[PDB]
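[1] sequence plus experimental coordinates follow:
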Amino acid sequence: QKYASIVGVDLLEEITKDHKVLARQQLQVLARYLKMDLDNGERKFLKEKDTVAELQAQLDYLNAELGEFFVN
Amino acid sequence: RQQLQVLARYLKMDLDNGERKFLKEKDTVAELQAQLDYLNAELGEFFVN
Amino acid sequence: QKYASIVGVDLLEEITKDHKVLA
Amino acid sequence: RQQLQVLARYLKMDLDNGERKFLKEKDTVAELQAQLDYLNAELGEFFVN
Amino acid sequence: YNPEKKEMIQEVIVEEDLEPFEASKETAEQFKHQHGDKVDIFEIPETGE
């Protein structure tokens, strides 16, 4: 209502959530019991996405220096 | 293990999505490392450094 | 609508399900 | 144990509420037993009986 | 400052993983830099948080 003054502007399914919270938490404890790592996948991925950006930088550099015509 | 699987299936949760995306990036690296190893073959270490 | 032509005829609780599936 | 905890947390259920209220009453006893042990000191057993 | 209630902080080791919380990008990298292995930080792709 103080943004309203400065600019000039005048003016059911939270139960299905609370179950899925419980299921989420129940899953976590079974994982922890199984010595299972539900992020290991995404971690390794993020670390490879970095080595790509790094190699794409090295390869974009050499196109800058030699040119498209010479690399093709 | 089995109990976990059914909770996942209930949560529309994908316990491989991580490893899938990874394997698909490990391929784009091998591919770019091939392109970059090629140019070292052609120009030489001395010229690329 | 092709049955309609031949004979001459003219024209909430799926969440409780998804739990019972899990159980 | 862990599975129990999460069901409790889901049920808005307090597995200590009992023991908390108890510890807080054990204090009001010690307090009243102090007041009552005092008056036996002052008047004596013979006079309070 | 209430000398009856003088605020200190004790270092403890997390014996079991905490419930995730949302930070900015900047602040999460600050947690990762400090903790290394012992923290996990993941972009929430809708918000950016």
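    Done, it's in. Numbering: from 1, shown residues only, chains lettered A, B, ... in the order given.
[2] chain A contacts on chain E?
    Residues of chain E lying near chain A by Cβ under 8 Å from any Cβ of the partner chain: E:16-17, E:40, E:42. (Each C-beta comes from the backbone N, C-alpha and C, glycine too.)
[3] OK, contacts around residue A:26?
    B:7, D:3, D:6 (Cβ atoms under 8 Å, 6 or more residues apart in numbering or on different chains).
[4] ok, for residue A:21, nearest residue in space, not its chain neighbours?
    Among residues not flanking residue A:21 along the chain, residue D:10 sits closest, at 7.5 Å (Cβ to Cβ, 6 or more residues apart in numbering or on different chains).
[5] return the nearest residue of chain A with respect to chain C.
    Evaluated by Cβ to the nearest Cβ, chain A has residue A:16 as its residue closest to chain C, separated by 5.3 Å.
[6] related to what we said a few turns ago, among the contacts of residue A:26, which one lies nearest to residue E:48?
    residue B:7 (28.7 Å; Cβ to Cβ).
[7] helices along chain A, start to end?
    For chain A, helices defined by DSSP state H occupy the ranges A:2-7, A:16-33, A:40-66, A:68-71.
[8] again but with chain E, I slipped
    Counting by DSSP H, the helices of chain E are E:25-35.
[9] would you mind listing what in it touches chain C?
    Going by Cβ under 8 Å from any Cβ, none of the residues of chain E are near chain C.
[10] now list the buried members of the residues of chain E next to chain A.
    Buried members of these, counted by 16 or more other Cβ atoms under 10 Å in any protein chain shown: none.
[11] got the contact list for the most centrally placed residue in chain E?
    In chain E, the centroid-proximal residue (Cα atoms, centre = their mean) is residue E:31; its distance is 6.0 Å. Applying Cβ under 8 Å, 6+ apart, we find residue E:31 in contact with E:23, E:39, E:41.
[12] same list, those residues, but as TSV with neighbour count please.
    Shown next, in TSV, are the contacts of residue E:31 (neighbours: other Cβ atoms under 10 Å in any protein chain shown):
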residue	neighbour count
E:23	13
E:39	13
E:41	15
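[13] which one of those is nearest to chain C?
    Distances from chain C to those, taken by Cβ to the nearest Cβ, are shortest for residue E:41, at 31.0 Å.
[14] quick check: closest non-adjacent residue to that closest one.
    Using Cβ to Cβ, 6+ apart, the closest residue to residue E:41 is residue E:28 (4.2 Å).
[15] re earlier: reformat the helices of chain A as a markdown table; add distance to residue E:47.
    A markdown table is the format used below for the helices of chain A (distance: least, Cβ to Cβ, whole Å):
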| stretch | distance to residue E:47 |
| --- | --- |
| helix A:2-7 | 21 |
| helix A:16-33 | 18 |
| helix A:40-66 | 17 |
| helix A:68-71 | 39 |
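[16] quick one: closest of the ones you listed to residue E:6.
    helix A:16-33 (37.2 Å).
[17] just the angle between the closest one and helix D:2-10, please?
    Angle of helix A:16-33 versus helix D:2-10, following axes from the mean of the first three to the mean of the last three Cα atoms, to 10 degrees, is 160 degrees.
[18] quick one: contacts for residue E:25?
    Residue E:25 neighbours (Cβ under 8 Å, 6+ apart): E:43, E:48-49.
[19] now, which of the residues you listed sits nearest residue E:9?
    Relative to residue E:9, and with distances defined as Cβ to Cβ, the nearest of the contacts of residue E:25 is residue E:49, at 26.5 Å.
[20] what about the closest one, how many residues close to it?
    By other Cβ atoms under 10 Å in any protein chain shown, 12 other residues sit near residue E:49.
[21] would you confirm that it contacts residue E:26?
    No. Contact criterion Cβ atoms under 8 Å: residue E:49 and residue E:26 do not qualify, at 10.8 Å.
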